[PDB]
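Shown here: final-v3.pdb, PDB, N, CA and C atoms.
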MODEL        1
ATOM      1  N   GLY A1171      -4.216   3.128 -10.628  1.00  0.00           N
ATOM      2  CA  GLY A1171      -3.601   3.575 -11.861  1.00  0.00           C
ATOM      3  C   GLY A1171      -2.740   2.504 -12.496  1.00  0.00           C
ATOM      4  N   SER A1172      -1.424   2.688 -12.436  1.00  0.00           N
ATOM      5  CA  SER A1172      -0.456   1.751 -12.995  1.00  0.00           C
ATOM      6  C   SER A1172       0.598   1.404 -11.954  1.00  0.00           C
ATOM      7  N   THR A1173       0.145   1.071 -10.746  1.00  0.00           N
ATOM      8  CA  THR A1173       1.033   0.759  -9.635  1.00  0.00           C
ATOM      9  C   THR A1173       0.955  -0.701  -9.211  1.00  0.00           C
ATOM     10  N   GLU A1174       0.223  -1.533  -9.954  1.00  0.00           N
ATOM     11  CA  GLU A1174       0.068  -2.955  -9.647  1.00  0.00           C
ATOM     12  C   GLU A1174      -0.537  -3.143  -8.251  1.00  0.00           C
ATOM     13  N   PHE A1175      -1.719  -2.557  -8.070  1.00  0.00           N
ATOM     14  CA  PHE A1175      -2.460  -2.656  -6.821  1.00  0.00           C
ATOM     15  C   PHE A1175      -3.935  -2.865  -7.125  1.00  0.00           C
ATOM     16  N   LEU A1176      -4.607  -3.592  -6.237  1.00  0.00           N
ATOM     17  CA  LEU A1176      -6.044  -3.793  -6.349  1.00  0.00           C
ATOM     18  C   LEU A1176      -6.764  -2.745  -5.513  1.00  0.00           C
ATOM     19  N   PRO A1177      -7.658  -1.946  -6.096  1.00  0.00           N
ATOM     20  CA  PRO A1177      -8.267  -0.850  -5.330  1.00  0.00           C
ATOM     21  C   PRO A1177      -9.221  -1.361  -4.264  1.00  0.00           C
ATOM     22  N   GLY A1178      -8.825  -1.240  -3.001  1.00  0.00           N
ATOM     23  CA  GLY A1178      -9.663  -1.686  -1.908  1.00  0.00           C
ATOM     24  C   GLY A1178      -8.892  -2.525  -0.913  1.00  0.00           C
ATOM     25  N   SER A1179      -7.628  -2.799  -1.223  1.00  0.00           N
ATOM     26  CA  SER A1179      -6.799  -3.645  -0.384  1.00  0.00           C
ATOM     27  C   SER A1179      -6.153  -2.840   0.742  1.00  0.00           C
ATOM     28  N   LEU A1180      -5.388  -3.539   1.577  1.00  0.00           N
ATOM     29  CA  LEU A1180      -4.716  -2.967   2.737  1.00  0.00           C
ATOM     30  C   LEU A1180      -3.229  -3.277   2.623  1.00  0.00           C
ATOM     31  N   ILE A1181      -2.405  -2.244   2.447  1.00  0.00           N
ATOM     32  CA  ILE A1181      -0.972  -2.435   2.271  1.00  0.00           C
ATOM     33  C   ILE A1181      -0.217  -1.585   3.281  1.00  0.00           C
ATOM     34  N   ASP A1182       1.013  -2.005   3.565  1.00  0.00           N
ATOM     35  CA  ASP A1182       1.845  -1.319   4.541  1.00  0.00           C
ATOM     36  C   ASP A1182       2.264   0.053   4.026  1.00  0.00           C
ATOM     37  N   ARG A1183       2.517   0.968   4.964  1.00  0.00           N
ATOM     38  CA  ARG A1183       2.901   2.325   4.587  1.00  0.00           C
ATOM     39  C   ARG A1183       4.261   2.349   3.903  1.00  0.00           C
ATOM     40  N   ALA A1184       5.205   1.539   4.387  1.00  0.00           N
ATOM     41  CA  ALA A1184       6.543   1.519   3.804  1.00  0.00           C
ATOM     42  C   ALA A1184       6.502   1.062   2.353  1.00  0.00           C
ATOM     43  N   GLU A1185       5.836  -0.066   2.094  1.00  0.00           N
ATOM     44  CA  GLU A1185       5.718  -0.556   0.726  1.00  0.00           C
ATOM     45  C   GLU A1185       4.960   0.434  -0.145  1.00  0.00           C
ATOM     46  N   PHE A1186       3.898   1.035   0.396  1.00  0.00           N
ATOM     47  CA  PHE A1186       3.116   2.001  -0.367  1.00  0.00           C
ATOM     48  C   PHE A1186       3.970   3.180  -0.811  1.00  0.00           C
ATOM     49  N   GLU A1187       4.714   3.783   0.120  1.00  0.00           N
ATOM     50  CA  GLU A1187       5.511   4.947  -0.251  1.00  0.00           C
ATOM     51  C   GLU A1187       6.686   4.564  -1.141  1.00  0.00           C
ATOM     52  N   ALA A1188       7.269   3.379  -0.940  1.00  0.00           N
ATOM     53  CA  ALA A1188       8.337   2.933  -1.828  1.00  0.00           C
ATOM     54  C   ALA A1188       7.826   2.754  -3.252  1.00  0.00           C
ATOM     55  N   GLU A1189       6.658   2.129  -3.408  1.00  0.00           N
ATOM     56  CA  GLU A1189       6.080   1.953  -4.734  1.00  0.00           C
ATOM     57  C   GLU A1189       5.705   3.289  -5.361  1.00  0.00           C
ATOM     58  N   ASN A1190       5.126   4.200  -4.575  1.00  0.00           N
ATOM     59  CA  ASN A1190       4.751   5.502  -5.115  1.00  0.00           C
ATOM     60  C   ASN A1190       5.964   6.313  -5.544  1.00  0.00           C
ATOM     61  N   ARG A1191       7.087   6.177  -4.840  1.00  0.00           N
ATOM     62  CA  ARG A1191       8.301   6.867  -5.256  1.00  0.00           C
ATOM     63  C   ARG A1191       8.980   6.193  -6.442  1.00  0.00           C
ATOM     64  N   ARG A1192       8.920   4.862  -6.524  1.00  0.00           N
ATOM     65  CA  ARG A1192       9.529   4.156  -7.647  1.00  0.00           C
ATOM     66  C   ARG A1192       8.765   4.396  -8.945  1.00  0.00           C
ATOM     67  N   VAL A1193       7.431   4.355  -8.895  1.00  0.00           N
ATOM     68  CA  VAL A1193       6.642   4.434 -10.121  1.00  0.00           C
ATOM     69  C   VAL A1193       6.718   5.830 -10.729  1.00  0.00           C
ATOM     70  N   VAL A1194       6.593   6.872  -9.903  1.00  0.00           N
ATOM     71  CA  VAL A1194       6.606   8.228 -10.445  1.00  0.00           C
ATOM     72  C   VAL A1194       7.983   8.574 -10.996  1.00  0.00           C
ATOM     73  N   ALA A1195       9.038   7.956 -10.463  1.00  0.00           N
ATOM     74  CA  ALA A1195      10.387   8.271 -10.912  1.00  0.00           C
ATOM     75  C   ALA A1195      10.675   7.750 -12.313  1.00  0.00           C
ATOM     76  N   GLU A1196       9.946   6.735 -12.776  1.00  0.00           N
ATOM     77  CA  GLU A1196      10.188   6.154 -14.090  1.00  0.00           C
ATOM     78  C   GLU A1196       9.033   6.385 -15.057  1.00  0.00           C
ATOM     79  N   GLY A1197       7.831   5.919 -14.727  1.00  0.00           N
ATOM     80  CA  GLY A1197       6.696   6.115 -15.609  1.00  0.00           C
ATOM     81  C   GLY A1197       5.831   7.295 -15.222  1.00  0.00           C
ATOM     82  N   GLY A1198       5.408   7.326 -13.963  1.00  0.00           N
ATOM     83  CA  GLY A1198       4.665   8.449 -13.430  1.00  0.00           C
ATOM     84  C   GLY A1198       3.193   8.176 -13.208  1.00  0.00           C
ATOM     85  N   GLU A1199       2.834   7.818 -11.977  1.00  0.00           N
ATOM     86  CA  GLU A1199       1.445   7.734 -11.544  1.00  0.00           C
ATOM     87  C   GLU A1199       1.403   7.659 -10.022  1.00  0.00           C
ATOM     88  N   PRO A1200       0.709   8.579  -9.357  1.00  0.00           N
ATOM     89  CA  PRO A1200       0.536   8.456  -7.904  1.00  0.00           C
ATOM     90  C   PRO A1200      -0.716   7.683  -7.524  1.00  0.00           C
ATOM     91  N   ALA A1201      -0.568   6.667  -6.679  1.00  0.00           N
ATOM     92  CA  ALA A1201      -1.726   5.950  -6.175  1.00  0.00           C
ATOM     93  C   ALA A1201      -2.357   6.716  -5.016  1.00  0.00           C
ATOM     94  N   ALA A1202      -3.625   6.423  -4.760  1.00  0.00           N
ATOM     95  CA  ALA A1202      -4.377   7.096  -3.712  1.00  0.00           C
ATOM     96  C   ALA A1202      -4.448   6.215  -2.472  1.00  0.00           C
ATOM     97  N   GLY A1203      -4.509   6.856  -1.309  1.00  0.00           N
ATOM     98  CA  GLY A1203      -4.605   6.113  -0.069  1.00  0.00           C
ATOM     99  C   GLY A1203      -4.903   6.960   1.149  1.00  0.00           C
ATOM    100  N   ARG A1204      -5.840   6.497   1.972  1.00  0.00           N
ATOM    101  CA  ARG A1204      -6.230   7.138   3.214  1.00  0.00           C
ATOM    102  C   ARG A1204      -5.920   6.229   4.396  1.00  0.00           C
ATOM    103  N   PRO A1205      -5.591   6.797   5.555  1.00  0.00           N
ATOM    104  CA  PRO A1205      -5.261   5.961   6.712  1.00  0.00           C
ATOM    105  C   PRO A1205      -6.460   5.137   7.151  1.00  0.00           C
ATOM    106  N   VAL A1206      -6.175   3.981   7.751  1.00  0.00           N
ATOM    107  CA  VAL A1206      -7.215   3.058   8.178  1.00  0.00           C
ATOM    108  C   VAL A1206      -6.917   2.586   9.593  1.00  0.00           C
ATOM    109  N   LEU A1207      -7.959   2.080  10.246  1.00  0.00           N
ATOM    110  CA  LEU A1207      -7.878   1.536  11.593  1.00  0.00           C
ATOM    111  C   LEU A1207      -8.377   0.099  11.564  1.00  0.00           C
ATOM    112  N   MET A1208      -7.602  -0.812  12.140  1.00  0.00           N
ATOM    113  CA  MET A1208      -7.934  -2.227  12.151  1.00  0.00           C
ATOM    114  C   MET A1208      -8.018  -2.732  13.584  1.00  0.00           C
ATOM    115  N   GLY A1209      -8.525  -3.951  13.734  1.00  0.00           N
ATOM    116  CA  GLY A1209      -8.587  -4.605  15.021  1.00  0.00           C
ATOM    117  C   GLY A1209      -7.296  -5.325  15.350  1.00  0.00           C
ATOM    118  N   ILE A1210      -7.328  -6.062  16.464  1.00  0.00           N
ATOM    119  CA  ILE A1210      -6.171  -6.858  16.865  1.00  0.00           C
ATOM    120  C   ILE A1210      -6.212  -8.271  16.303  1.00  0.00           C
ATOM    121  N   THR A1211      -7.332  -8.696  15.724  1.00  0.00           N
ATOM    122  CA  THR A1211      -7.393  -9.980  15.039  1.00  0.00           C
ATOM    123  C   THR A1211      -7.159  -9.861  13.543  1.00  0.00           C
ATOM    124  N   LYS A1212      -7.555  -8.740  12.942  1.00  0.00           N
ATOM    125  CA  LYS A1212      -7.306  -8.528  11.525  1.00  0.00           C
ATOM    126  C   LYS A1212      -5.874  -8.091  11.272  1.00  0.00           C
ATOM    127  N   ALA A1213      -5.230  -7.473  12.259  1.00  0.00           N
ATOM    128  CA  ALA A1213      -3.821  -7.143  12.115  1.00  0.00           C
ATOM    129  C   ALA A1213      -2.940  -8.364  12.330  1.00  0.00           C
ATOM    130  N   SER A1214      -3.368  -9.293  13.188  1.00  0.00           N
ATOM    131  CA  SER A1214      -2.597 -10.507  13.425  1.00  0.00           C
ATOM    132  C   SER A1214      -2.794 -11.541  12.326  1.00  0.00           C
ATOM    133  N   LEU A1215      -3.985 -11.608  11.727  1.00  0.00           N
ATOM    134  CA  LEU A1215      -4.226 -12.576  10.663  1.00  0.00           C
ATOM    135  C   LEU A1215      -3.755 -12.099   9.298  1.00  0.00           C
ATOM    136  N   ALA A1216      -3.262 -10.871   9.185  1.00  0.00           N
ATOM    137  CA  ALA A1216      -2.842 -10.302   7.911  1.00  0.00           C
ATOM    138  C   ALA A1216      -1.348 -10.012   7.899  1.00  0.00           C
ATOM    139  N   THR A1217      -0.563 -10.871   8.539  1.00  0.00           N
ATOM    140  CA  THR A1217       0.881 -10.716   8.527  1.00  0.00           C
ATOM    141  C   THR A1217       1.457 -11.315   7.247  1.00  0.00           C
ATOM    142  N   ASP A1218       2.775 -11.215   7.096  1.00  0.00           N
ATOM    143  CA  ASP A1218       3.468 -11.663   5.890  1.00  0.00           C
ATOM    144  C   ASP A1218       4.177 -12.993   6.097  1.00  0.00           C
ATOM    145  N   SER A1219       3.577 -13.906   6.857  1.00  0.00           N
ATOM    146  CA  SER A1219       4.168 -15.219   7.094  1.00  0.00           C
ATOM    147  C   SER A1219       3.058 -16.203   7.421  1.00  0.00           C
TER     148      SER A1219
ENDMDL
END

Show me this structure written as structure tokens.
Amino acid sequence: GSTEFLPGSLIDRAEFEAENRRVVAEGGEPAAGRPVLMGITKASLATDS
């Protein structure tokens, strides 16, 4: 919608819920998301550093 996200990506739950609460509080749009399961190499190669 209007949450500044690319549909198909993998984002953290904390950031996702923070963005969903921030956006609806001012403009209003809920993004969609289903839980996912990853490996131990894709979780290690997708860190924030």

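Among the candidates A:1188, A:1212, A:1199, A:1194, the residue lying nearest to residue 1172 in chain A is A:1199 (atoms considered: only C-alpha atoms).
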
Find the spatial neighbours of residue 1202 in chain A, counting only C-alpha atoms, within a cut-off of 12 Å - ignore same-chain residues fewer than 6 positions away - and output them as a PDB file with N, CA and C atoms, in the frame of the given file.
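After the write, around-v9.pdb holds the following:
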ATOM      1  N   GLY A1171      -4.216   3.128 -10.628  1.00  0.00           N
ATOM      2  CA  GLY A1171      -3.601   3.575 -11.861  1.00  0.00           C
ATOM      3  C   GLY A1171      -2.740   2.504 -12.496  1.00  0.00           C
ATOM      4  N   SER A1172      -1.424   2.688 -12.436  1.00  0.00           N
ATOM      5  CA  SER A1172      -0.456   1.751 -12.995  1.00  0.00           C
ATOM      6  C   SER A1172       0.598   1.404 -11.954  1.00  0.00           C
ATOM      7  N   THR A1173       0.145   1.071 -10.746  1.00  0.00           N
ATOM      8  CA  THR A1173       1.033   0.759  -9.635  1.00  0.00           C
ATOM      9  C   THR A1173       0.955  -0.701  -9.211  1.00  0.00           C
ATOM     10  N   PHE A1175      -1.719  -2.557  -8.070  1.00  0.00           N
ATOM     11  CA  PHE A1175      -2.460  -2.656  -6.821  1.00  0.00           C
ATOM     12  C   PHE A1175      -3.935  -2.865  -7.125  1.00  0.00           C
ATOM     13  N   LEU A1176      -4.607  -3.592  -6.237  1.00  0.00           N
ATOM     14  CA  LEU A1176      -6.044  -3.793  -6.349  1.00  0.00           C
ATOM     15  C   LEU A1176      -6.764  -2.745  -5.513  1.00  0.00           C
ATOM     16  N   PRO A1177      -7.658  -1.946  -6.096  1.00  0.00           N
ATOM     17  CA  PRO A1177      -8.267  -0.850  -5.330  1.00  0.00           C
ATOM     18  C   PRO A1177      -9.221  -1.361  -4.264  1.00  0.00           C
ATOM     19  N   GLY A1178      -8.825  -1.240  -3.001  1.00  0.00           N
ATOM     20  CA  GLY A1178      -9.663  -1.686  -1.908  1.00  0.00           C
ATOM     21  C   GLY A1178      -8.892  -2.525  -0.913  1.00  0.00           C
ATOM     22  N   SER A1179      -7.628  -2.799  -1.223  1.00  0.00           N
ATOM     23  CA  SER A1179      -6.799  -3.645  -0.384  1.00  0.00           C
ATOM     24  C   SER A1179      -6.153  -2.840   0.742  1.00  0.00           C
ATOM     25  N   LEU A1180      -5.388  -3.539   1.577  1.00  0.00           N
ATOM     26  CA  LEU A1180      -4.716  -2.967   2.737  1.00  0.00           C
ATOM     27  C   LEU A1180      -3.229  -3.277   2.623  1.00  0.00           C
ATOM     28  N   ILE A1181      -2.405  -2.244   2.447  1.00  0.00           N
ATOM     29  CA  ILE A1181      -0.972  -2.435   2.271  1.00  0.00           C
ATOM     30  C   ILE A1181      -0.217  -1.585   3.281  1.00  0.00           C
ATOM     31  N   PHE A1186       3.898   1.035   0.396  1.00  0.00           N
ATOM     32  CA  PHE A1186       3.116   2.001  -0.367  1.00  0.00           C
ATOM     33  C   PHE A1186       3.970   3.180  -0.811  1.00  0.00           C
ATOM     34  N   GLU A1187       4.714   3.783   0.120  1.00  0.00           N
ATOM     35  CA  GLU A1187       5.511   4.947  -0.251  1.00  0.00           C
ATOM     36  C   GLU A1187       6.686   4.564  -1.141  1.00  0.00           C
ATOM     37  N   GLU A1189       6.658   2.129  -3.408  1.00  0.00           N
ATOM     38  CA  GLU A1189       6.080   1.953  -4.734  1.00  0.00           C
ATOM     39  C   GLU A1189       5.705   3.289  -5.361  1.00  0.00           C
ATOM     40  N   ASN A1190       5.126   4.200  -4.575  1.00  0.00           N
ATOM     41  CA  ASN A1190       4.751   5.502  -5.115  1.00  0.00           C
ATOM     42  C   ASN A1190       5.964   6.313  -5.544  1.00  0.00           C
TER      43      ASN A1190
END

Rounded to one decimal place, report the atom N of residue 1208 in chain A-atom C of residue 1183 in chain A distance in Å.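 Those two atoms sit 14.8 Å apart.
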
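For chain A, a DSSP pass over the backbone yields alpha helix (DSSP H) at residues 1183, 1184, 1185, 1186, 1187, 1188, 1189, 1190, 1191, 1192, 1193, 1194, 1195 and 1196 of chain A.
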
Point-to-point distance from atom N of residue 1192 in chain A to CA of residue 1204 in chain A, Å rounded to tenths: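 Between atom N of residue 1192 in chain A and CA of residue 1204 in chain A the gap works out to 18.2 Å.
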
Please compute the atom C of residue 1197 in chain A-atom C of residue 1184 in chain A distance, one decimal, in Å.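 Separating atom C of residue 1197 in chain A from atom C of residue 1184 in chain A is a distance of 18.7 Å.
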
What box, with edges along x, y and z, holds each listed atom of range 1188-1207 of chain A when 6 Å is added on every side, and can you state its centre and edge lengths in Å to one decimal, as lines of an AutoDock Vina configuration file?
center_x = 1.1
center_y = 4.3
center_z = -2.0
size_x = 31.1
size_y = 20.5
size_z = 39.2
